[PDB]
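Some notes on the structure that comes next.
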Amino acid sequence: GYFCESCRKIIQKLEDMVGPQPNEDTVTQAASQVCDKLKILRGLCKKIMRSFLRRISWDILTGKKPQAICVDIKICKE
């Protein structure tokens, strides 16, 4: 709840930043900083990344879409 918007916005800015076919480090840095950079929603993102870091790496590495990521790791409204 709310989170689906938040998570979609968070992931999409990450996806856009890291670009195509990224790797485990670049996703880790680009995401821990996707959040840092995304002002207002900074705390929400940094908490998601702390709680699900290597998952958000798999998610991006598999180029999986935001709606499906947020449903999968259970953040949206399945």
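Since chain A takes its numbers from Swiss-Prot, the residues it shows come out as 47-124.
The way this entry was determined, per its header, is solution NMR.
Positions of Cβ are set from backbone N, Cα and C atoms, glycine also.
In the three-state DSSP reading, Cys122 (disulfide bond) counts as coil. Annotation source Swiss-Prot lists disulfide bond at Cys50-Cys122 (among others).
Per Swiss-Prot, disulfide bond is recorded for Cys53-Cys116 (among others). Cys53 (disulfide bond) falls within a helix when secondary structure is assigned with DSSP.
Residues or ranges marked as disulfide bond in Swiss-Prot: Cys81-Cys91 (among others). According to DSSP, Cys91 (disulfide bond) sits within a helical segment.
For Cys116 (disulfide bond), the nearest of the disulfide-bonded residues by C-alpha distance turns out to be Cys122; the candidates were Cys81, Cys91, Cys122. Spatially, by CA atoms, the disulfide-bonded residues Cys50, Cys53, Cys122 include one closest to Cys81 (disulfide bond), and that is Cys53. Separating the Cα atoms of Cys91 (disulfide bond) and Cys53 (disulfide bond) is a whole-number distance of 8 Å.
Recorded residues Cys53 (disulfide bond) and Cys122 (disulfide bond) have their alpha carbons 8 Å apart, per Cα-Cα distance.
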